[PDB]
Amino acid sequence: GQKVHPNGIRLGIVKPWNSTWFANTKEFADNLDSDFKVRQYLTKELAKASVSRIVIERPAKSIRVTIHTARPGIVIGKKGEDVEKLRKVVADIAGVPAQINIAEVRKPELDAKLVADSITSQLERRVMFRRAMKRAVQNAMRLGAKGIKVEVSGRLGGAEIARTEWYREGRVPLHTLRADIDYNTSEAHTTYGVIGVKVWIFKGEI
Amino acid sequence: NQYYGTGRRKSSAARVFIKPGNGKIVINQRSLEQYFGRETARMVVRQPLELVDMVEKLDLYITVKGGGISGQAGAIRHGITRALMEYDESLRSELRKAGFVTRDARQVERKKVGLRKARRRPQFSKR
Amino acid sequence: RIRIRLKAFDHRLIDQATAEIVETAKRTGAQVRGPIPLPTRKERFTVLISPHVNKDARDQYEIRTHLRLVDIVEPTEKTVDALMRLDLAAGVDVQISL
Amino acid sequence: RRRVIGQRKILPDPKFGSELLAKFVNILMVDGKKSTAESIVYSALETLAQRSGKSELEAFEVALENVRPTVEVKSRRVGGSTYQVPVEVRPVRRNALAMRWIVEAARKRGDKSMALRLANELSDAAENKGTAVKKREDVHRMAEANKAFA
Amino acid sequence: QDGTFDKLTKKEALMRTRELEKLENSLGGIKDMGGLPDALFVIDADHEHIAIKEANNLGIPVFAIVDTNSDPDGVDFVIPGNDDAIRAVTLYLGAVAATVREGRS
Amino acid sequence: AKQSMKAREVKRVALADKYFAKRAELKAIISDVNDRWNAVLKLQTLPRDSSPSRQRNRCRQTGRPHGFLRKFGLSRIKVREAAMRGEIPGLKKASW
RNA sequence: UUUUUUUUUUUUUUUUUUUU
RNA sequence: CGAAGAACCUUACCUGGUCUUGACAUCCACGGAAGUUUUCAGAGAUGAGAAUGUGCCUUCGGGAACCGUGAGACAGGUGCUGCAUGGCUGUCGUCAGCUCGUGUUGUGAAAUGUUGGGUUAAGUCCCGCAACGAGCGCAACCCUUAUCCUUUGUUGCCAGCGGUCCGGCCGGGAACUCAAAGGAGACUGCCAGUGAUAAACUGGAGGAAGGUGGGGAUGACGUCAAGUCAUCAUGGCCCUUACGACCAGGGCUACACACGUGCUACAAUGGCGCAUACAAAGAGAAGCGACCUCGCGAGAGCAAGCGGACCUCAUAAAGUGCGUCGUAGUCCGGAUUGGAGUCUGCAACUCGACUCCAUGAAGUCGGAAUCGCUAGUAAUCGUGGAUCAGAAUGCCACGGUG
């Protein structure tokens, strides 16, 4: 009956930031404003292998962009011509340069997010994804974790249908600010209305 | 050589020294009876020194920064308790046996939401 | 009595900075003051970082924000000059202004 | 309620060493202001003394003898209906109750100033004539009598 | 087996010295249990109670010294005798305890 | 009255010196009760629209005037974010 | 196993679909 | 009430004057340098004129600051349902919580440890009982104390002397308040009584608290099918010639009725007239302002200062010493009404808010029966703040004779 972030409340304790930067008194507004826009652009570039962690550092307002994706080799490009492009279009909004750094998602099966991006991809096939939903969780759980609970709310049937389903492939200590746990999301549609999946990945105890 | 004390009661904000002999009680530049002349509380400020024969052996000098005579009458009590505590270890027993050693710290588990007393827990003879 | 009102976010940084003056601005003139504090802002800090609208994720921090008077009894150039040469130590806000 | 923490300790009076005189004026207050009211009650013990020119403080007890009660009646319904049943007020409640009866007469009692109400009312008490004696004696005509109906 | 059980706070460690007091007195003859029992040797039927029920549910061998209140059909082995006190059990046990090691061969 | 008179204030707010408070520094001295020239004030009072000190104001961080807290530079409805980014430095557990 | 401290208080309308 | 300003006011609403891409904001099409100053009209929106101006790159290209008219796309509003849901808050709650990963007596709504003996104020603690233990409440991190410990000396701040031209004045040094950062010390500790030398409860060694020492605080599941539906955050659904946005007016208060919330007036445990002893809680450059000039005063002027003990707004009211009434509707009652004035304003008058002198409506201790308020707590005894071009008696928080 509660949804409860383990993440965000505990930045220094095994759960690092989505952004760590410093603006004084007057200079905060356009930084923050750009912090939605460069994020917007990056994820629609990355979606061909998603983005697990989207890490906006700002060493001097100018932006040390640090992007965890499953396949770097497609945003590197045929070697360097999309790394030019990105660094242009993420500096442009900010008015200041943006140093596009990659990282590789170290096996998508174990991740802070990519368990939700696997299940929400299936809703683009439009057929009965249920055949593949418990499966695609249990696969990723043979390659990592100790428990996971998964929730789907959305338009998942026909004509006027909106209902919500819940599933438990292991136990979940719900908040514990010491544990290795991750909370996260991802969002789909199916020509009728939203399908928004959420996760609690009890990876390990401490 | 000399001794000292300080207090914080209702809301004084006063000190005291002790000097070697002749038995008086001044407040910067006037005597006790001039500063407290009708305040029914005037009697206590010298009372545990007169015991131990102050007249040729101790002498007293009070100064002030929040006048406040109805609090000062006891702020001086814990103050002169301090002064004595280095002159004579023996009177720790006296000062304690007559209360002069105490200072203001106690409410009795009072009102926070509406119930008069609020620490004492729900209570029975088997339930 | 010209009051150089040294401050920092942390105790560690203002400590290093006052300790240079109480010695070096003292060299041939004043008994220069520096440890003497002000209403040091030991409060609690709350910014939202909730990844959606769900329970809390407003991670509460603590601060020092520690502040002191450096005091110089006379402007006497042949003793103070090291504090004006200390300009390079940008991280401490000095508020000399009086 | 299990703890023995109950009542008010205070210090005695500034002249003669009694909790009696302290508590007496520490009911008479009617608005707080303590110190000058303690000075008026001192003048009350002097305006008593003008009746003889001796130690009339020796007669403050003698008067209060006719005004200390035994009984009080409290809220009691324990046999399906009003059933009093006085029971005694304790040894320390004896003259503390008498102050209330002296004060509740004094408030309006008509004499020449604030001291001369309490001087005369404790004169009357000495002679058994007192308003405070009559306020006592009415709860003796009432409660102390229903000791034969309990 | 070392001294590290005494860490943290002495009351956080005496919380477990009470756990010792309540567990070694109740499980001290079975501190390992890496696999299930294979046979049950037993001297009561109504206090011990549960033991004969668990055994019979699982079809386990049972060796049981018993009296005139019994139900012999719930044991593989009745041994007819005085149910209680140290004199009666001690007649049987110095053979039982020998055999369960000298028969190993 | 939502975006409103902003278009009318913006064209004359910045000149409240030229309309009065520096144009006054000779002729307005005589013109006072303390100085009694009765002829004069009544022929400086004509600008009506700029006529300072008057400013309808611009609450900026709220798109419309659901009031404006002059102690704080924000709208009357706006307080709750300051527990979630610190813009009111005494916003803590309530005094009731 | 004596158990009358007054007798009464209008209809509604809550009610998160569904096979499992 | 929302409304913390229903007479420019965040506009209801009564209207009239404009509109329905409207006030605000884009992507291309052809083009423009951006603004200062009065005069007459007009209730405001808006209308009719007269003068004065011409910026930065500079590929003379493309445009910037920055203003246009013309295209196609195209703009919006507290409208409540708790019932798609998440934050958040509450009075219940400082109960020591429930129900579960497995098990299994109950098919299932029974809780299944609450059972059987005893023991504590206490699910207190010895066990037992077919019951585990799993972790989120637990174990407690906290803030302010309060007493101090070092380093300190702060506009602070003065032990003991140095000058006094009598003001910590300025020499002059480090006891302590103060200011305060790092932090620290009280435990059944040892003494008597208690009983099972359990329990814990009393007094006390010793204390700045004592058996949570106090005061703030967090406020778990469970929280009424209660909210925050008027910033929430958003799923299902609004009206759109419309619930969309520009702008001048005004009138909410009447008066029979109550009924109360909030105010008081009924005189000496009162005040009245002259004179005397001590605190501070606060807010403070859309700032706060002394000394000092003119004063019957609301209220004018001069202006040092003062950014956080320096400037200022308190010179709390009580109380105390000497005089005056003599129980007297007054000397006290501001109900109020004769005139006189003001700080702003388009604005207060059929609409206020306060001032100076004349006065003086109910007044003399009211019954029944709506709950204040147990402690350092309600009589009693004050000062501040925001909304906001602004007058709340609302409320809001700590001091103190008591």
# chains A, B, ... in the order shown; residues from 1 in each chain; ligands from 1

$ interface_residues --of "chain C" --to "chain H" --cutoff "6 Å" --atoms "only C-alpha atoms (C1' of nucleotides)" --output "PyMOL selection string"
chain C and resi 36+53-54

$ write_last_selection --atoms "N, CA and C atoms" --output "CSV table (one decimal), in the first residue's frame"
chain,number,residue,atom,x,y,z
C,36,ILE,N,37.5,34.1,17.6
C,36,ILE,CA,36.3,34.7,18.2
C,36,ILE,C,35.0,34.6,17.4
C,53,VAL,N,7.1,10.9,-7.6
C,53,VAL,CA,6.4,11.5,-6.4
C,53,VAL,C,6.2,10.7,-5.1
C,54,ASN,N,6.6,9.4,-5.1
C,54,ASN,CA,6.5,8.4,-4.0
C,54,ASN,C,7.3,8.7,-2.7

$ residues_around --residues "residue 79 of chain H" --least-positions-apart "6" --cutoff "10 Å" --atoms "only C-alpha atoms (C1' of nucleotides)" --output "list in words"
residues 238, 239 and 243 of chain H

$ select_by_dssp --residues "chain C" --states "alpha helix (DSSP H)" --output "ChimeraX atom specification"
/C:11-24,77-84

$ write_last_selection --atoms "N, CA, C and O atoms" --output "mmCIF file, in the first residue's frame"
data_model
loop_
_atom_site.group_PDB
_atom_site.id
_atom_site.type_symbol
_atom_site.label_atom_id
_atom_site.label_comp_id
_atom_site.auth_asym_id
_atom_site.auth_seq_id
_atom_site.Cartn_x
_atom_site.Cartn_y
_atom_site.Cartn_z
ATOM 1 N N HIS C 11 34.111 24.333 8.947
ATOM 2 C CA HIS C 11 35.120 24.465 10.038
ATOM 3 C C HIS C 11 36.616 24.230 9.629
ATOM 4 O O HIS C 11 37.459 25.114 9.782
ATOM 5 N N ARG C 12 36.947 23.120 8.945
ATOM 6 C CA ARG C 12 38.277 22.791 8.343
ATOM 7 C C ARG C 12 38.985 23.885 7.525
ATOM 8 O O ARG C 12 40.184 24.104 7.708
ATOM 9 N N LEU C 13 38.254 24.471 6.564
ATOM 10 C CA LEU C 13 38.645 25.600 5.690
ATOM 11 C C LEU C 13 38.832 26.972 6.420
ATOM 12 O O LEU C 13 39.830 27.649 6.148
ATOM 13 N N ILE C 14 37.922 27.397 7.326
ATOM 14 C CA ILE C 14 38.084 28.666 8.127
ATOM 15 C C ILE C 14 39.168 28.615 9.227
ATOM 16 O O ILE C 14 39.941 29.561 9.414
ATOM 17 N N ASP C 15 39.355 27.446 9.844
ATOM 18 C CA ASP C 15 40.525 27.125 10.708
ATOM 19 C C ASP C 15 41.902 27.440 10.097
ATOM 20 O O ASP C 15 42.681 28.173 10.694
ATOM 21 N N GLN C 16 42.213 26.903 8.900
ATOM 22 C CA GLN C 16 43.466 27.133 8.119
ATOM 23 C C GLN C 16 43.685 28.589 7.747
ATOM 24 O O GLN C 16 44.798 29.115 7.656
ATOM 25 N N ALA C 17 42.579 29.237 7.423
ATOM 26 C CA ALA C 17 42.616 30.628 7.008
ATOM 27 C C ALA C 17 42.857 31.651 8.151
ATOM 28 O O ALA C 17 43.759 32.497 8.072
ATOM 29 N N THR C 18 42.179 31.523 9.308
ATOM 30 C CA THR C 18 42.431 32.447 10.457
ATOM 31 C C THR C 18 43.828 32.260 11.092
ATOM 32 O O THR C 18 44.542 33.198 11.451
ATOM 33 N N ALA C 19 44.316 31.026 11.124
ATOM 34 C CA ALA C 19 45.598 30.652 11.714
ATOM 35 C C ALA C 19 46.815 31.313 11.021
ATOM 36 O O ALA C 19 47.851 31.509 11.681
ATOM 37 N N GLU C 20 46.692 31.663 9.718
ATOM 38 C CA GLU C 20 47.704 32.446 8.999
ATOM 39 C C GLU C 20 47.826 33.929 9.433
ATOM 40 O O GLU C 20 48.951 34.419 9.583
ATOM 41 N N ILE C 21 46.693 34.595 9.709
ATOM 42 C CA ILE C 21 46.556 36.024 10.091
ATOM 43 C C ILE C 21 47.021 36.301 11.542
ATOM 44 O O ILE C 21 47.781 37.235 11.799
ATOM 45 N N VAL C 22 46.529 35.527 12.523
ATOM 46 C CA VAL C 22 46.806 35.729 13.968
ATOM 47 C C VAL C 22 48.272 35.763 14.325
ATOM 48 O O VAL C 22 48.591 36.289 15.376
ATOM 49 N N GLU C 23 49.112 35.180 13.464
ATOM 50 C CA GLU C 23 50.585 35.162 13.353
ATOM 51 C C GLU C 23 51.111 36.252 12.387
ATOM 52 O O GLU C 23 51.929 37.076 12.795
ATOM 53 N N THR C 24 50.683 36.275 11.103
ATOM 54 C CA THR C 24 51.338 37.094 10.064
ATOM 55 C C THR C 24 50.875 38.535 9.969
ATOM 56 O O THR C 24 51.698 39.395 9.653
ATOM 57 N N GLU C 77 50.321 49.500 7.786
ATOM 58 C CA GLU C 77 50.749 48.689 6.643
ATOM 59 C C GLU C 77 51.929 47.720 6.861
ATOM 60 O O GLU C 77 51.896 46.567 6.403
ATOM 61 N N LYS C 78 52.935 48.149 7.634
ATOM 62 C CA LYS C 78 54.066 47.349 8.038
ATOM 63 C C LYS C 78 53.785 46.189 8.980
ATOM 64 O O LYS C 78 54.767 45.524 9.313
ATOM 65 N N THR C 79 52.519 45.902 9.339
ATOM 66 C CA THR C 79 52.139 44.629 9.953
ATOM 67 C C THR C 79 51.060 43.838 9.243
ATOM 68 O O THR C 79 51.201 42.630 9.288
ATOM 69 N N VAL C 80 50.008 44.427 8.650
ATOM 70 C CA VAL C 80 48.800 43.778 8.052
ATOM 71 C C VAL C 80 48.976 43.091 6.694
ATOM 72 O O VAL C 80 48.165 42.264 6.274
ATOM 73 N N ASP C 81 50.051 43.432 6.008
ATOM 74 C CA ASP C 81 50.120 43.246 4.540
ATOM 75 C C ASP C 81 49.942 41.815 3.967
ATOM 76 O O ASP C 81 49.396 41.628 2.882
ATOM 77 N N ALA C 82 50.405 40.810 4.682
ATOM 78 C CA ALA C 82 50.191 39.382 4.439
ATOM 79 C C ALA C 82 48.719 38.941 4.261
ATOM 80 O O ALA C 82 48.500 37.995 3.505
ATOM 81 N N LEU C 83 47.736 39.616 4.892
ATOM 82 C CA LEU C 83 46.286 39.314 4.733
ATOM 83 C C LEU C 83 45.681 39.813 3.405
ATOM 84 O O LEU C 83 44.672 39.327 2.885
ATOM 85 N N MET C 84 46.296 40.850 2.866
ATOM 86 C CA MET C 84 45.963 41.427 1.559
ATOM 87 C C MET C 84 46.698 40.689 0.437
ATOM 88 O O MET C 84 46.165 40.429 -0.647
#

$ interface_residues --of "chain A" --to "chain H" --cutoff "10 Å" --atoms "only C-alpha atoms (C1' of nucleotides)" --output "ChimeraX atom specification"
/A:2-4,153-154,162-164,170-171,173-176,193-194

$ residues_around --residues "residue 42 of chain E" --least-positions-apart "4" --cutoff "8 Å" --atoms "only C-alpha atoms (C1' of nucleotides)" --output "number ranges by chain"
E: 62-65

$ write_last_selection --atoms "N, CA, C and O atoms" --output "PDB file, in the first residue's frame"
ATOM      1  N   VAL E  62      11.349 -46.569  15.097  1.00  0.00           N
ATOM      2  CA  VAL E  62      11.217 -46.119  16.492  1.00  0.00           C
ATOM      3  C   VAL E  62      11.427 -47.261  17.491  1.00  0.00           C
ATOM      4  O   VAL E  62      10.817 -48.325  17.408  1.00  0.00           O
ATOM      5  N   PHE E  63      12.247 -47.007  18.509  1.00  0.00           N
ATOM      6  CA  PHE E  63      12.657 -47.927  19.597  1.00  0.00           C
ATOM      7  C   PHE E  63      12.245 -47.400  20.990  1.00  0.00           C
ATOM      8  O   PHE E  63      12.826 -46.434  21.494  1.00  0.00           O
ATOM      9  N   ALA E  64      11.186 -47.982  21.571  1.00  0.00           N
ATOM     10  CA  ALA E  64      10.375 -47.304  22.592  1.00  0.00           C
ATOM     11  C   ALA E  64      10.018 -48.172  23.832  1.00  0.00           C
ATOM     12  O   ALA E  64       9.203 -49.093  23.790  1.00  0.00           O
ATOM     13  N   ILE E  65      10.622 -47.847  24.978  1.00  0.00           N
ATOM     14  CA  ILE E  65      10.389 -48.428  26.320  1.00  0.00           C
ATOM     15  C   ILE E  65       9.056 -47.993  26.969  1.00  0.00           C
ATOM     16  O   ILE E  65       8.894 -46.811  27.267  1.00  0.00           O
TER      17      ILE E  65
END

$ atom_distance --atom1 "atom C1' of residue 306 of chain H" --atom2 "atom CA of residue 39 of chain C"
19.0 Å

$ select_by_dssp --residues "segment 18-70 of chain C" --states "strand (DSSP E or B)" --output "JSON, numbers by chain"
{"C": [33, 37, 44, 45, 61, 62, 66, 67, 68, 70]}

$ atom_distance --atom1 "atom CA of residue 113 of chain A" --atom2 "atom CA of residue 135 of chain A"
16.9 Å

$ residues_around --residues "residue 93 of chain F" --least-positions-apart "6" --cutoff "10 Å" --atoms "only C-alpha atoms (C1' of nucleotides)" --output "list in words"
residues 83 of chain F; 216 and 217 of chain H

$ residues_around --residues "residue 55 of chain F" --least-positions-apart "6" --cutoff "12 Å" --atoms "only C-alpha atoms (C1' of nucleotides)" --output "list in words"
residues 5, 6, 8, 9, 10, 11, 12, 13, 14, 15, 16 and 49 of chain F; 286 and 389 of chain H

$ residues_around --residues "residue 41 of chain D" --least-positions-apart "2" --cutoff "8 Å" --atoms "only C-alpha atoms (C1' of nucleotides)" --output "VMD selection string"
chain D and resid 25 37 to 39 43 to 45 115 118

$ atom_distance --atom1 "atom CA of residue 14 of chain B" --atom2 "atom CA of residue 27 of chain B"
10.0 Å

$ residues_around --residues "residue 74 of chain F" --least-positions-apart "2" --cutoff "12 Å" --atoms "only C-alpha atoms (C1' of nucleotides)" --output "PDB file with C-alpha atoms (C1' of nucleotides), in the first residue's frame"
ATOM      1  CA  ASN F  57       4.552  44.386  -9.975  1.00  0.00           C
ATOM      2  CA  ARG F  58       5.766  41.046 -11.646  1.00  0.00           C
ATOM      3  CA  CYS F  59       5.759  37.823  -9.508  1.00  0.00           C
ATOM      4  CA  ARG F  60       7.707  35.988 -12.434  1.00  0.00           C
ATOM      5  CA  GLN F  61       8.127  32.565 -10.805  1.00  0.00           C
ATOM      6  CA  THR F  62       4.258  32.384 -10.912  1.00  0.00           C
ATOM      7  CA  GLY F  63       2.629  33.111 -14.298  1.00  0.00           C
ATOM      8  CA  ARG F  64      -0.352  35.080 -12.720  1.00  0.00           C
ATOM      9  CA  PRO F  65      -0.904  37.087  -9.427  1.00  0.00           C
ATOM     10  CA  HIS F  66      -2.305  34.555  -6.883  1.00  0.00           C
ATOM     11  CA  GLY F  67      -1.013  37.200  -4.479  1.00  0.00           C
ATOM     12  CA  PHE F  68       2.639  38.084  -3.733  1.00  0.00           C
ATOM     13  CA  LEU F  69       4.546  37.671  -0.362  1.00  0.00           C
ATOM     14  CA  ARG F  70       6.775  40.891  -0.303  1.00  0.00           C
ATOM     15  CA  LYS F  71       8.869  39.436   2.618  1.00  0.00           C
ATOM     16  CA  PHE F  72       9.820  36.513   0.262  1.00  0.00           C
ATOM     17  CA  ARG F  76       0.793  33.679  -1.854  1.00  0.00           C
ATOM     18  CA  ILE F  77       0.221  30.008  -2.793  1.00  0.00           C
ATOM     19  CA  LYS F  78       3.963  29.076  -3.407  1.00  0.00           C
ATOM     20  CA  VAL F  79       5.531  28.229   0.062  1.00  0.00           C
ATOM     21  CA  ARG F  80       5.820  24.385  -0.012  1.00  0.00           C
ATOM     22  CA  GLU F  81       8.931  23.937  -2.315  1.00  0.00           C
ATOM     23  CA  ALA F  82      11.131  25.855   0.209  1.00  0.00           C
ATOM     24  CA  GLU F  87      14.487  29.350  -0.208  1.00  0.00           C
ATOM     25  CA  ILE F  88      12.857  30.201   3.295  1.00  0.00           C
TER      26      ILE F  88
ATOM     27  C1'   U H 231       0.011  25.534  -5.517  1.00  0.00           C
TER      28        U H 231
END

$ interface_residues --of "chain B" --to "chain H" --cutoff "9 Å" --atoms "only C-alpha atoms (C1' of nucleotides)" --output "JSON, numbers by chain"
{"B": [3, 4, 5, 6, 7, 10, 11, 12, 13, 14, 15, 17, 35, 36, 38, 65, 66, 67, 68, 69, 70, 92, 93, 96, 101, 102, 103, 104, 105, 106, 107, 108, 109, 110, 111, 116, 119, 121, 122, 123, 124, 125]}

$ interface_residues --of "chain H" --to "chain D" --cutoff "9 Å" --atoms "only C-alpha atoms (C1' of nucleotides)" --output "number ranges by chain"
H: 121, 202, 268-269, 318-319, 379-380, 401-402

$ write_last_selection --atoms "C-alpha atoms (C1' of nucleotides)" --output "PDB file, in the first residue's frame"
ATOM      1  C1'   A H 121       1.793  -1.063  37.972  1.00  0.00           C
ATOM      2  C1'   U H 202      10.718   6.054  49.291  1.00  0.00           C
ATOM      3  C1'   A H 268     -10.781  51.455  48.199  1.00  0.00           C
ATOM      4  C1'   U H 269      -7.242  43.546  47.818  1.00  0.00           C
ATOM      5  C1'   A H 318       2.584  45.683  39.297  1.00  0.00           C
ATOM      6  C1'   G H 319       5.044  47.448  43.651  1.00  0.00           C
ATOM      7  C1'   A H 379      -7.243  34.651  37.065  1.00  0.00           C
ATOM      8  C1'   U H 380      -2.853  38.522  37.208  1.00  0.00           C
ATOM      9  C1'   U H 401       4.202  39.247  40.853  1.00  0.00           C
ATOM     10  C1'   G H 402       1.071  34.902  41.478  1.00  0.00           C
TER      11        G H 402
END

$ interface_residues --of "chain A" --to "chain C" --cutoff "9 Å" --atoms "only C-alpha atoms" --output "JSON, numbers by chain"
{"A": [2, 3, 4, 5, 6, 7, 8, 9, 10, 11, 184]}

$ closest_residue --among "F:56, F:18, F:92, F:23" --to "residue 4 of chain F" --atoms "only C-alpha atoms"
F:56

$ decode --residues "segment 53-94 of chain C" --atoms "C-alpha atoms" --output "CSV table (one decimal), in the first residue's frame"
chain,number,residue,atom,x,y,z
C,53,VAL,CA,6.4,11.5,-6.4
C,54,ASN,CA,6.5,8.4,-4.0
C,55,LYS,CA,7.7,8.2,-0.4
C,56,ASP,CA,10.3,10.9,0.8
C,57,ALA,CA,13.6,10.9,-1.2
C,58,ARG,CA,14.4,14.3,0.3
C,59,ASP,CA,17.8,13.3,1.6
C,60,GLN,CA,18.6,15.4,4.8
C,61,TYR,CA,22.2,16.6,5.3
C,62,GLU,CA,24.0,18.6,8.0
C,63,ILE,CA,26.3,21.8,7.8
C,64,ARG,CA,28.9,23.8,9.9
C,65,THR,CA,28.9,27.3,8.2
C,66,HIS,CA,31.4,28.6,10.7
C,67,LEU,CA,32.3,32.4,11.1
C,68,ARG,CA,34.8,34.5,13.2
C,69,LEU,CA,36.1,38.1,13.7
C,70,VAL,CA,39.6,38.9,12.6
C,71,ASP,CA,40.3,42.2,14.4
C,72,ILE,CA,43.1,44.7,13.6
C,73,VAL,CA,43.5,47.6,16.2
C,74,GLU,CA,45.3,49.9,13.5
C,75,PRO,CA,45.6,49.8,9.6
C,76,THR,CA,49.5,49.9,10.0
C,77,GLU,CA,50.7,48.7,6.6
C,78,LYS,CA,54.1,47.3,8.0
C,79,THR,CA,52.1,44.6,10.0
C,80,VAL,CA,48.8,43.8,8.1
C,81,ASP,CA,50.1,43.2,4.5
C,82,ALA,CA,50.2,39.4,4.4
C,83,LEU,CA,46.3,39.3,4.7
C,84,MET,CA,46.0,41.4,1.6
C,85,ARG,CA,48.6,39.3,-0.1
C,86,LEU,CA,46.4,36.2,0.8
C,87,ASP,CA,44.0,36.9,-2.1
C,88,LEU,CA,44.8,33.6,-3.9
C,89,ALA,CA,43.0,31.6,-1.1
C,90,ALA,CA,39.6,32.2,-2.8
C,91,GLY,CA,37.4,29.6,-0.8
C,92,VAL,CA,37.0,31.8,2.4
C,93,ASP,CA,34.7,34.8,2.2
C,94,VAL,CA,36.5,37.5,4.2
